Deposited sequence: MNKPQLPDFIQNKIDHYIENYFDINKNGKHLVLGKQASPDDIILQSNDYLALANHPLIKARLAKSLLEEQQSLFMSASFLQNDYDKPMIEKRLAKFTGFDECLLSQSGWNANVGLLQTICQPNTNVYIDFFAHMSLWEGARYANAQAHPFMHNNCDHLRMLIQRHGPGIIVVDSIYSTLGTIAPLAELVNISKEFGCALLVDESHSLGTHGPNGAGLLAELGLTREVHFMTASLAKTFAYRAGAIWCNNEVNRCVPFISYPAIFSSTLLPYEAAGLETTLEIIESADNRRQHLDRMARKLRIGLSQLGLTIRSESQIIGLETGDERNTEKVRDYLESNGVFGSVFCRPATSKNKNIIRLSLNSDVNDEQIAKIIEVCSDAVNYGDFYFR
């Protein structure tokens, strides 16, 4: 057929302005011996034999034609035991499964927001959190990253609202000042929403997360997480210390108008949970390696804001980012490009995601290859 001008032109303009000939996030194919640091599989559970075996197992013997929205399966007898188990693991009263972390955030915010509702959101909070509030026509008030003072001032000005943060930030790998945020939430009669996508499983007792580690669990209204990180699965979940998960399934558009996880998917998650709560060994190893890399990189003078297994190289503009990218990939390092719309146009990041399979030798190489880039150079860092 023939696309209307009002589309062809958008396509043409985009291709010319965004597409080395490929989109910035696409570099060169990597070799087996290269060090790949792109997966959110922090405990390297992707290929765990017990998980795969249990998925395969339940996947046999279905009824189980439950192709319909989860809203129709909110009777007790239809709700997966993995919800109760995730709730107990985490310390929250209730858990609700979602089709993704994105959906968990959009759905939860739709359930708890009115168009008038004040939403105080960290400037670096995940896009799903920005979008959920926007979809709800909430009044978003962003505060400077991890800046509690600014937050305080904002709430002073606009009144009670929902405070929304990532526990660990997906781009920069920094950690929210969660204890202070709980105090502020109490000081002003707000509700707190913490996205633990990058801390659930890697942090806390048995990996119960950062809120459990700091003993804040009972003090927080809501917690969300993609289960597609440490849990290594395409789903999400909403935890509530209240009765909000009773309503979400009937209010959230993604919960209502998109199909639910199949029963066998939940069964896998149960086994994943068990493996995760026993994985003290990989947690420790991952914590230690990330610190080594952090320290390694902070010497050298690089801006390394991280306090976690996520490390962001701040590489300025797209041109300069391409250059860094090519340089790291030319050596053994990959390497995930964060650019618009995820970042501001000239504040791009090449994220290094560590996992518990990375070893001492590999860190060293990464530091060395970064030391070379600084400043065998050819490009800059912010």
### Query
Since the structure holds only modelled residues, which stretches of the deposited sequence does it leave out?
1-3, 23-26
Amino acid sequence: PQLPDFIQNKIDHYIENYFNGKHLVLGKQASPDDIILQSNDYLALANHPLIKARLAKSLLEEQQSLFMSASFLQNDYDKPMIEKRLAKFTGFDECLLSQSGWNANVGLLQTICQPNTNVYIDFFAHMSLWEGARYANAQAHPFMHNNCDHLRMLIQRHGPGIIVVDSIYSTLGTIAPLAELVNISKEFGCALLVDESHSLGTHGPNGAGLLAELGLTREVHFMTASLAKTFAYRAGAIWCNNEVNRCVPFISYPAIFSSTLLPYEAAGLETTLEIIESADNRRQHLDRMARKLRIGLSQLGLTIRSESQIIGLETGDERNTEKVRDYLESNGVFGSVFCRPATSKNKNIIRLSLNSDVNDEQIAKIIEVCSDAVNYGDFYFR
From here on, numbers count along this sequence of modelled residues.
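The term rigid core refers to the most C-alpha atoms you can superpose between the two forms while keeping them within 1.5 Å.
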### Summary
After superposing on the rigid core, the stretch whose C-alphas lie farther from this form in 5 other deposited structures of this protein, comparing 53-61 with 312-320, is 53-61
### Message
After superposing on the rigid core, which of 241-249 and 112-120 has its C-alpha atoms sitting farther from this form in 5 other deposited structures of this protein?
### Response
112-120
### Task
Would you mind checking whether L43 is unresolved in the model of at least a third of the other PDB entries compared?
no
#### Entry: Entries skipping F334: at least a third of other ones
no
### Query
Which wins on mean Cα temperature factor, 284-292 or 89-97?
284-292
### Query
Looking at the deposited entry, does 225-233 or 144-152 carry the larger mean Cα B-factor?
144-152
## Note on the structure
Tertile call for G132 (CA temperature factor, within chain, third-based) is the lowest
### Task
Ordered by C-alpha B-factor within the chain, which third holds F338? Give me lowest, middle or highest, please.
highest
### Query
Based on the entry's values, in what third of the chain does the Cα temperature factor of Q299 lie: lowest, middle or highest?
highest
### Query
Is the Cα B-factor recorded for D122 in the lowest, middle or highest third of its chain?
lowest
### Task
Classify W102 as lowest, middle or highest third according to the C-alpha B-factor given in the PDB entry, relative to its own chain.
lowest
